[PDB]
Structures are given as C-alpha cells and as structure tokens.
Amino acid sequence: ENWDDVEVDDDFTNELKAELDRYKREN
Amino acid sequence: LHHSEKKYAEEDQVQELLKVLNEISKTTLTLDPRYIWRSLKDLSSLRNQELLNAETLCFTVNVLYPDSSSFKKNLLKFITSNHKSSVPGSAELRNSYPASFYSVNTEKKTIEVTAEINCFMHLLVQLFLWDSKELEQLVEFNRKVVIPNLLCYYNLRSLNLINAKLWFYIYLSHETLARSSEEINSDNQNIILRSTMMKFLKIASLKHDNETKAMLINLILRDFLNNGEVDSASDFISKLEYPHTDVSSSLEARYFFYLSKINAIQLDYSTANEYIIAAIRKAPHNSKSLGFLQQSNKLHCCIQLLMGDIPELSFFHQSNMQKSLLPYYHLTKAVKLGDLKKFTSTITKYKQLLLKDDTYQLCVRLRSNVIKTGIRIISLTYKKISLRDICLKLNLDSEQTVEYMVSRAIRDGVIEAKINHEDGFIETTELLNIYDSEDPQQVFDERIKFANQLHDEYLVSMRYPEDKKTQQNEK
Amino acid sequence: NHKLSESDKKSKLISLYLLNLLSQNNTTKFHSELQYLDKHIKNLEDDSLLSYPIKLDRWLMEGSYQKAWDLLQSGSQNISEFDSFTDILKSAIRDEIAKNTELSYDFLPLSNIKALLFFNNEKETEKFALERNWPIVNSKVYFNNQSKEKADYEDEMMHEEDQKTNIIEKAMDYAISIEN
Amino acid sequence: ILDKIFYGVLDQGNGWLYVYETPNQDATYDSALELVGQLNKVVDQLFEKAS
Amino acid sequence: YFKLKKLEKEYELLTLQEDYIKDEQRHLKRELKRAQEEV
Amino acid sequence: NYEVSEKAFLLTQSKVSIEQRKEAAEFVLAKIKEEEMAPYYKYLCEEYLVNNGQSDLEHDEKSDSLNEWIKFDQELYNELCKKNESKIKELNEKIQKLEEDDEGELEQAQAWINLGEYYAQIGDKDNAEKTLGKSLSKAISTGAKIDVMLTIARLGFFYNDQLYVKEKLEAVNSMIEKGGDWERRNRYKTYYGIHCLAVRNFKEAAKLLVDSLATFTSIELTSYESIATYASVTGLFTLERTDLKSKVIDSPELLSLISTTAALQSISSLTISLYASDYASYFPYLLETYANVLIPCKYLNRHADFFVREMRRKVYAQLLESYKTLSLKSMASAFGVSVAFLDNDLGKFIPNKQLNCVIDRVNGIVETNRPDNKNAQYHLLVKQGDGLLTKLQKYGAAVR
Amino acid sequence: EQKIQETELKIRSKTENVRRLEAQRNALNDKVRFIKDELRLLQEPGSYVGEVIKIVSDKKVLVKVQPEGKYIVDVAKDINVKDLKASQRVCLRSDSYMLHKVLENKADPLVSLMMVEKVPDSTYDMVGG
C-alpha cells in the first residue's frame, strides 16, 4: 500500500472522457 | 468478621518481605529484590482494593514505628474512619523470633532495624495514595517528610533502589495537583521541588546507580518542558550520565522521547529522526505502553513533514491507532498537493485538538513547508521549467516571488539546481551518477560499525546468565 | 505562572527580545519560548507585537521577500521601538542574498539586483561589492563561488583531503575487533 | 528496441540515433536481492521459537 | 580502616585472574594447531 | 449455490450501463429463492451499508435501481425454513443409524461429506465448519482430506477470507508428498490465484491463471469464461512483451474466446494496442474495459483505478525507449493526446520515481533519462538492508 | 569511605569477567585435552559387532557375530539382561570381550524375501466400478 491505497487516486474520472472532446473537434 | 480480614492480607505482605530480607543480608546482590519489586507494583494494586485499608494498619503495629505514629492517623482522618478497636497492641506477629524482628533487642536499641523497615514503610504509603487518588494537603504532607529522611540515611547500594520508584509518585502527584486547580501556592511549591531533584542527583552520581539515575533523568527533562528552560536541558544532556546497561527498556524509550523534542527546536532533524524511531523499538507493545506509543507516533509524523520529505503512507492504515492519526493525514495531503486554501481549513477544525499535545505550533510552521515540498515535487517533474509556468500550478503571487524561493531551498542542499534569469528557465544541476563518487563509501563505513557493535554486546548478554549455572551444584 | 501582570511595557520588552534573537541568528531560544507562553493563540496571532517576529522568520525561510520587506520599512510598529533592530535584520537578509546569488547565479545584471536589494541607486550595490570582494565585469557581477579551508570541525569526518585513507583504516580496525 | 533484439534509442526531434545498449554487472543487485528474500524468511523462524 | 584496604587488594586479585585468561584464550588457539594436526 | 457471491455485489457500485442493474436485481431474487439458503437473503441489507448507489430502499430513497427492494422479510424466510428443517430430519435419521452400526470408514466419512455440502446450502457457516472436524478423523486417504479443503474454500469465498482459507489451502496441497495430482495442483492454480487478487499480488497470479491447462471448470464456483477474463489482468504486469505475444496473443486458449464473446474487449483490444505501442487506439479501449470488466467483477473494482495506473505507466515506458528528444506538440498531434491532459498524466509518476523523464517547457520538448543506473540499484538495497537490520536489532533485544 | 565508594563498582564487573571468560576459556581448554587424550582411543583395538540370541541366569549373553560364530560373554554392569531380547544388535569389546552398549534391532525383512506392508495406499475411492 505504498503511495497507492493511502491517497487512492481521486482523478482521471470525468477528465478521461473529456479528452475525446478536443480529439473530435480540433482534428 | 474484620478480625480474620487483617490476618490474611498481612501474612501475604510479610511473606514477600521476608524473601527480600535475607537476600540483602548475604553479601551484595542488587538484582534479587528488583525482580520481586516489579511484580509487587501489580500485586499491590489489586490487593489494596480488597479488604479495604485494614491490611496496612497492623503492618505499622508489627514493626517498630520511627516516624509512622501519626502518619497512619492522618491518612485515615480524611476518609472519616470508624473505630473498630484497631488500636495498636492487639495483633502481634513478632512473638520473639529472629525473622520476626525480635522485640527485646529492638526495644533496647542494641540493634538497628530501621534501615530495612522505615525505607520500606514509605513504599507502601505511596501505593495506597495512587489507588484512592488523594490530593491537596495529603500530597505535601508526605513529600515534606521523605526529603529529610533520605538525607539522614547513607543511601547504600541496596537503599538506592528503594526510593528510586518513589520519585515517580512525587512528580506525578505534583503535576496532577496543578492541572486540577491552579493557585499561587502551587508555583512556590515547585521551586523547592526543583532544588530537591538536583540535591539527590548529585548524591546518586557517586553510587552510579543505573535504575536511580534513569528515573531522575526522565523526571528532570520532563520538568524542563513545563518550566521552559532550554539552557537547563542543554547543559544537562551534555554530561551523558545515563547508563545504557542495566536500565529497563521502558525507561530507555522515555529517554529518547525527550531528545526528539529537544532537538526539534534546534532545526536539526538528522539526530532527532533516530531518537523518535529508537524510542518506538524500545517501547513494549502491551496495553500499558499504549499511552507512550500513541504520543510517540504523533511526534514521528510531525518530524518528517518538517524535513521536506513525505513519510511512510502505509503507517497510518496498518496501525490500529489511526483514529487519532486522522488529523495528521490531512496535514501531509495539504503539503504534498500544495493547495494554499486547503492548509488553512485543515488546521482550523482540529485547532482545538492540537492544543492538548502542544503540536499546533509545529503545524503553523507547516505553512512554509507547503511551498518547500511543492518546489521539490515540480523540480523532479521538469528539469528545465520557465518562470511563469510554476505560478500557473501553485497559484503563487508574482514571478519574482517564485524566483527567490528556489534559492532558499538550495541552502540546505535540497533542490541542488541553478536559476538562469537571462535564458528564462531553471535548470537542475543534479546529474545523479553518484556511483563514481566517494559519498556512498561514508555510509558503508557506518554499516560495519553497526554490525560489529552488536557482536561485542552479543558475548556480554549471552554469557552472563551462564555464570551462575557453573557454581551451583548439579546432578 | 503569574496572571496578575498586565501592562503595556510587558508585551513590548518580550517582543524586542525575539527580534534580538533573530539579529544574532539564534535558533535555540527563538523556537522554544513560543510554546512556553500562557496563550499560544491570542497572544501569538491577535497581538501584533509577538506576531511581528513570527511573520518575519516564517517568511524569511519561505523565500518571499516581497511581503517580508514591507514589515521592515513601511510597517506600523517599526518606527519607534522596532527601528533599533531593523539595521541588523535588514543586514542579515542581504548577507543571505549575497550568498544565494553565488550558487544559483553565475552572473547577474545591475538593474535586476537593484529591486531585490531595495536600493535607490546603482552605486549603492557596487559599494558592497568592493567590501565583499565581488568580481565585476561590464554591467554584471561575477560570482566564482569561493569556499573556505576544508570544512567545519570533527576531524576525520568529512574534513580534510584524502578521505579514502581513513576509509581503509575503518575496514582494517573494525575487522580485527571481530575476533576480540 | 522494445523486442530487446538490439538495444538502442532513436531521436525523433532531429532525426538521429544515440547510444543506449550497455551491459550489466552481477554480484551486485540481482545476486544480492535474491539473498535478501531468503534471509527474510529465515529470521522469521528465529524469534518465533525463541520466546 | 583495616577492612577498607582489604577491598582494594581484592580488586587486584580479580585483575590477576582476568588478565591471565584474556592472554590464555589467545594461546589456546596455538595449542589447537599443534593438536588436530599432530593426531 | 452458483458463483458464490457475485450478483449480490453487482448492485454495489455501477457507474454506467444502467440496464445491468435490472438483470443483477432479478438474479439475486431468483437463485436465492430457488436455493435452500435462508440467511443469505437477509445479508442483502448488511452488505450495502455505507455505500454509494445502494439498492436497498428502507430509509434511503436515493436508490437508482429499477428493483429497489432487497430487504429481508418473513414471507420468503418461512418458505425456506420449511424445506431446510424437513431435509435435516431425514439426514440426521439415516446417519444416526450408521453411527451406532460403525461398519467401515467409508460410510462414516461419506455421511459427513453430504452434510458438508448440505450445511452450506442451508445457510450454516460456523455449523458447517464443525462438520469438517468430524470428517477429518473419519478420513481414509489423502483424497478424503481434499474435500475438507473444498469446503473451506467454498465457505471462504462469501466473506473473502485471506487468512484461514489461504493458509489451509497450501497445507492440504502439500501434506507429505505434493505430486502432480489433479485434485491439488489444478486447484492450486485456481483457488490460490483468487486470493492473490485481494492482496494485490499480480506476480505469482500471472504464473497460474495465465499459463495453465485449457479447462479448469469448477462449475458452481467459477466458469471458464470467468477465469479467462483475469488472464489479461495479471498478464500485463509481470509478463513482458516477449510473453504477451506467446501466452496471451498467440495462445490458443484465448483465440477461441475472442471469436465467441467479443464484448470483453480485454484479451483482444488491449493486447493488440499494447503490442503495437500505438496510443491513438490504446486510449478508447481503456474506458470500455474499465466499465464492463473491472467495475462489475468483485476482485477487480476493489482495485479499479489502482489497476488502471499500472496500465498507463506501461505504455509511457515503451514509448520512452523509442526516442530521445521529441517535441510536445509533435507527440500531441501524432497519438492524438491533449497538451493539458499530458502534464497531469506524467505528474503522478515522475515525482514518485516510477519513470525517469525530462521535459523542457521552453522549447516544448521531452527528453529521455537513464532508465537503469548502478546507483539506482543500490538505493533499493539501502531500505532492504536496513529493513533486515531493524528486525535483527529489535527482535534480538526482545529475547535476552 | 569516599575512595571505597568510587572503586565499589569494581567488585562486580571484575568478578563477572572472570566468570564470563571461564567457560569461554574452558571450551577451548577442553578441546586441547580431548584431542591429546584421543591417542589412547585411536590405539585402542576397538570393538566387535554382534547380535543377542539368548540369555541365561548366569548374567552371560550369547553374542552372534555376523562373519564369525556365536560367543557367550558377560553383560555390562550398567544394564541387566531384562532389557535385552533376541534379534538385538549390540556391541562387543575387543579387549575384555564383554557387553558395551546396544546398537539397534533386527530389520523387518527376514530370510530371503520378506514383504511386510502395514496400512497400504489402496482404498475404496481409488478403485472404481
């Protein structure tokens, strides 16, 4: 549980789906 | 009913007293009474609750009373005692026997029995006081008597261990009196107590008693924390009179616990980090030591956060004490992430809890440590980063502010980088590749010193108990 | 502990003592008495006399001189009673600034250092360059990062030249003690 | 490169190739790490039956 | 005074037996070389 | 029972695919009603305590499931107890006659074999553990004690016991002689691989669930498609690219599953994108697999993003060795990655010393640091060296 | 007695070092006497090898040597004839020709071919149909 389970993650949830926005528009 | 109650408990007390009486009468053996006195504290705590207070009344009747005539009456006056016809002169366990403290030779004053009696008499007094939790005049009445009695006796080799445990009750009863009620008389009462500690410590310095000085140093260093004098603590630890040989493991953990808090204000955590770790390894894991393990772990988490390095994260969840370690997790999270508003609201809710352990002042200094740690995190991510790119992350004030905070971080050799203002970016001067330098050789030399250190102590610890088995006759 | 002492000169003399420890750079008694007082909250925050040296020392090691220098010049309480210590406190900062420009900068222009040292003239910066022996090139100040003889104290620990000889001696000495 | 057939490294910025492949050294890490795992299980059987 | 000086001579008697054993333990290793190799 | 506990925990947390909430709610009220287990219908209230998206409607109206009533009642309880109390009367009647007769060790052991399965199907946990103590003394051969290991494993999967179940698993598999028996080694590649998922192993689990025989069908406990799903979980950690193209891609065991069920998108989409080192097609397969595989499974969603962090750092390490210096805008327009999200991805690893990378923001380029160095290997021996000396000093002073 | 109290600590530490280094020296000292006295043990003719057959009321045991024949010698004074039975391999001294100790018993297989197997591995579950 070193540097993993203690702070969990709390990221890459709604920001992962938001990446496809700039991919399907600017391109 | 009450007649048979006094004979049962007193016989068990005399049975334990006669065992240590013949041990000190033959040559010099200082470890024989010590093993019984360890269990005596636990056995007397449960025995004092049973059969009320009537077990210690006839004990004063049995042996001759040098000072104890009026001491037992004043102890029973506060509780408004009833008269059971316990007046001395009824129960007689002596009956003219050599191990019974023969009376005729004692009354004629041709022999001195006061050494092994009066010194042991003060031990049973402090045990009953801690069970009933008596305060105010009863605390000062006992302390005033014991001090002249210790100065009158010569404090022999076996006499130094009798009062060694009495100092712990003197300091404990005085601190609980000040926290319960504060007055002007309690302040001047501690002035005399500070002088008594130094007078007895000088006498014990000649005998070089290991257990006696171990109890004093723990009480003297703790008194300096309430008095607030560093010069008294700094000069005290400079002599290094604390023996590491025969002192108990519980007394060792208390010694290293003070050095961590003393070195914490000197802004040098190199030596203080080892004392807080060694104090945990020398502290038992039982339930009675849980109070020390709780306070020691609270200081350990604060030392690492003040060094600019994140401690072990799994230490909180693996232990079962994390209920009180929850405030320290939000302190580490606020410093690592680098949020300015999160740190302000973190110490606000727990501000009431941080006042008891006096760790709130170390939490105020964590405000600067948020930036000190944040610079080290962003420096490892980007070796070359522009000036305005850092302010967009930690939401700092201006560009000149972040430029001058990096030069302060390299003062202690943390970041180890350079700032180029003409080019406009900060470049890291650490290329690693330390395998070609002599720096790891200095650390490897200490590992050999640590390995051979336990080798010499291995022959001392293992061979010593085998000395008695050679002289004793075997089948 | 004495709770009956209330006066305007009591909090002033205690505040002047904290500025005296920072003048000589004393890390012993300055970081100690903060926890030894009666009020660890109201007197160390709401009171501007006791919190004056606290905000300076906290912002000194922080590295931000923008808001730290304002208390030593434009402050409210630095006029009369605190002005005596402003000479050394501002001198202790510029002594650290001179040592920070050596390691983190090879060369710096005279125009940008004028704002950091809070000087109103370029000749004032060059005045301390000759006293401290700073190499000076055109429109720049060169820093060669000159050190002293050996380091610190405690001989045969990170001190003199040829440390590998003592390292070999550490392997020979403690190896004989194995049999002993 | 990733198949470990020939160890190398490219440069996509300037379109060049730098030096990558280097040999290893035994009796340092791989040999010592395997000994730490074995000694950790042996010491666990010492204080277990010692008390 | 007479019994006080008796303890000082007892410390020297303990030193005579202590210094001889420390020297003997190193000389016993020389006798082991003459023993296991000869037999 | 079938699957032990899966459908009960499918309704615990579901981020997407609301249609699976209806199917999972209809299965928990079906099998339990069809089976003989009385209490396992009551535990539905205790399992969802302190959770987001609870399917139990009592004091909380926030349930988003279509079937909101899992709560225990006395209507189903009275129907299940009538079938449980009727069969135990017939079992205790026939077995009691065999105890007084005492003919052979087979009838004494077989009597408790049918009970060990019966007390598990009537909802008795601790009562079924006492049945193994009587069958242990009645054991005949080594195979008789193996059935005791099955009962410990079956009853241990409900609460996921990693202590007594995992320890007694290797004790029965070893005993005196291990051998190549199919009643031990085959169950060692399955039962032991399950406990490795809860302790976050990913190393020893990749040497069993990945490389093994082609069946391992446990029926009521696990199926073939369930075990084959975890093959891509632990196979992407320890196994390097050399073993990914042999025991994963070209392995004939996973070739038949791709052509059968294409809705997994794990052993196929993730393995092809990782083998090609193409981040353009590797990104869309991360969200599809995380939702339909990691979340529904009980031994996965407990990791979830913890397992996602390991997959992302794998592709960043492969591309790191493919170039020295590259512009940030060039890689952004190549693999189709945003510039803003690029700084957040590399910010969770580089400061943790997971990957060595250098980025120059002045020119907008990324560099490559030395992946392996002699001093970096000795730093790991410092903690391992001092970690051993800590136990030798601490435990050495304790016993004295 | 101030000078005595300063040296009072020397009554223990100096006494311990004499006792601690005693058995440590005696450990190497005994090895010197054991090896030098081994010459008498190496020059000793040794002992024969035999087995017990039968006993009599005269405290004389019949020892059967494997290469040689049978011999009747005297039992050792430490034990008696009640603890000795047939098919028991014992020791026979070469000098005084008497009993020394007991080695072991006779192996389970006897005569030419002897098959003795208790609790075999075959069970009812291992045989189907």
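Note on numbering: residues are counted from 1 along each chain in the order of its written sequence, which can differ from the entry, and residues with no coordinates are hidden. Chains and ligands are labelled sequentially in the order written, the chains with letters from A and the ligands with numbers from 1. Part of a larger assembly is what these chains represent; accordingly, every value refers to the shown part. The side-chain figures draw on all heavy atoms in the structure; neither hydrogens nor water molecules are used.

As summarised from the PDB record, the model derives from cryo-EM at a stated resolution of 3.8 Å.

Participant: Any chance you could explain the packing of helix α6 (residues 126-137) of chain F against helix α7 (residues 142-159) of chain F here in plain terms?
Facilitator: Geometrically, a packed helix pair is captured by the angle between its two axes and the distance between the axes. Residues and elements named next belong to chain F. Here an angle of 0 to 180 degrees is reported between the N-to-C directions of two axes, which are lines fitted to C-alpha atoms, with helices fitted over the stretch in contact. The way it works is that DSSP assigns letters per residue, a run of H or I at least four long becomes a helix, a run of E at least two long becomes a strand, and they are numbered from the N terminus. Where α6 contacts α7, the two axes come as close as 10 Å, and the packing angle between them is 170 degrees. Taken together, α6 and α7 sit at an angle that is classed as roughly antiparallel. Of the residues in α7, those in contact with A128, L132, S135 and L136 of α6 are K145, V148, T151, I152 and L155. Any residue that is not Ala, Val, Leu, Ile, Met, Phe, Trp, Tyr, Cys, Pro, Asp, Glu, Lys or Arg is counted as polar, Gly included; the first ten are nonpolar and the last four charged. Residues belonging to the contact of α6 with α7 are distributed by class as follows: six nonpolar, two polar and one charged. Between 65 and 115 degrees an angle is taken as roughly perpendicular, under 35 as roughly parallel, over 145 as roughly antiparallel, and anywhere else as oblique. Should any heavy atoms of two residues lie within 4.5 Å, those residues are considered in contact.

Participant: Could you clarify how one ought to interpret the arrangement of the chains in this entry?
Facilitator: The pair of protein chains exhibiting the most contacts, out of nine pairs of chains in contact, is chains B and C. One finds no contact between chain D and chain G; the C-alpha atoms of the two approach each other to within 22 Å at their closest.

Participant: Looking at this structure, how should I read α6(F)?
Facilitator: Side chains three or four residues apart in an α-helix point the same way, a direct result of the helix having 3.6 residues per turn. Residue and element names in this part refer to chain F. Each residue's exposure class comes from its accessible area (1.4 Å probe, protein chains only) as a fraction of the maximum for that residue type: buried when under 20%, exposed when over 50%, partly exposed otherwise. Listed as buried for α6 are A128, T131, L132 and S135. Angularly, the buried residues of α6 cover 105 degrees about the axis, an arc narrow enough to put them on a single face. Projecting away from the buried face of α6 at angles above 90 degrees are the exposed residues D126, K130 and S137. If you follow the buried residues of α6, they end up packed against α5 (106-121) and α7. An arc is given here, and it is the one of the directions from the helix axis to the C-beta atoms.

Participant: How should I be thinking about the interface of chain B and chain C in this particular structure?
Facilitator: For an interface, size is often stated in terms of accessible area lost upon the parts coming together. Contacts between the two partners involve 38 residues from chain B and, on the opposite side, 37 residues from chain C. Values labelled buried area give the accessible surface lost by two parts on being combined, using a 1.4 Å probe and summing over both. Together, the buried faces of chain B and chain C total about 4,100 Å²; carbon and sulfur atoms form 52% of this surface. It is B:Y404, B:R408 and B:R411 that lose the most area in chain B upon contact with chain C, and together they represent 14% of the buried surface on that side. Salt bridges are defined as contacts in which a side-chain nitrogen from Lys or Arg sits within 4 Å of a carboxyl oxygen from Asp or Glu. If you look at where chain B meets chain C, you find three salt bridges.

Participant: Sorry if this is basic, but what is going on with the UniProt feature "domain: PCI" in chain F here?
Facilitator: UniProt positions are given in the numbering used here, feature names are shortened, and annotations may be inferred rather than shown by experiment. As recorded in UniProt, the sites labelled "domain: PCI" are residues 201-373 of chain F. Between the C-alpha atoms that bound residues 201-373 of chain F the distance is 26 Å, and the span itself is 46% helix and 6% strand.

Participant: Explain the pairing of strand β5 (residues 99-105) of chain G here, please?
Facilitator: Put simply, side chains in a regular strand alternate between the two faces of the sheet. Residues and elements named next belong to chain G. For two strands to be treated as a pair, DSSP must find at least two bridges joining them. Summarising the sheet, strand β4 (residues 88-93) and β5 pair through four bridges and their orientation is antiparallel. When the sheet's bridge partners are listed, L92 is paired in β5 with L99. Between β4 and β5, which pair antiparallel in sequence order, lie five residues; one of them, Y97, sits at a positive phi of approximately 55 degrees.

Participant: Explain the sheet that holds β4(G) here, please?
Facilitator: Consider a sheet: its strands pair through backbone hydrogen bonds, and that pairing is either parallel or antiparallel. Residues and elements named next belong to chain G. Spatially, the five strands line up as an open sheet ordered β3-β2-β1-β4-β5, and their pairing is antiparallel. The open sheet has two edge strands, β3 (70-74) and β5, and neither has a second partner. The mean inter-strand angle of the sheet, taken between neighbouring strand axes irrespective of direction, is 45 degrees.

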